[PDB]
């Protein structure tokens, strides 16, 4: 129904409407980032970032892959990634 769509969308927004997680998502809008890249650009507790990434992964918003001993996170869900790009662009001008 017209409404289940609005519920899905508002649930996505709910998942994005968190300062730390949103910042991660914006860093990822500019391309895949390593856990170190993230932690350094966020300047927030190692455990905080780990849990924020874990949550975003759980919610299907980001994915990760390995190379050597560096893990690279990237945006995953198509709808979320587009929304996050718009949010990133609009809150930077």
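In this text, the rigid core denotes the largest set of C-alpha atoms whose superposition between the two forms falls within 1.5 Å. Numbering follows the first chain given and starts at 1.
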Farther-lying stretch by C-alpha RMS in 4 other deposited structures of this protein, rigid core as reference, of 58 to 66 and 40 to 48: 40 to 48
Segment of greater CA departure in 4 other deposited structures of this protein, 81 to 89 or 14 to 22, core superposed: 81 to 89
Greater mean Cα temperature factor according to the PDB record, 48 to 56 or 62 to 70: 62 to 70
Stretch with the greater mean C-alpha B-factor as recorded in the entry, comparing 22 to 30 against 37 to 45: 37 to 45
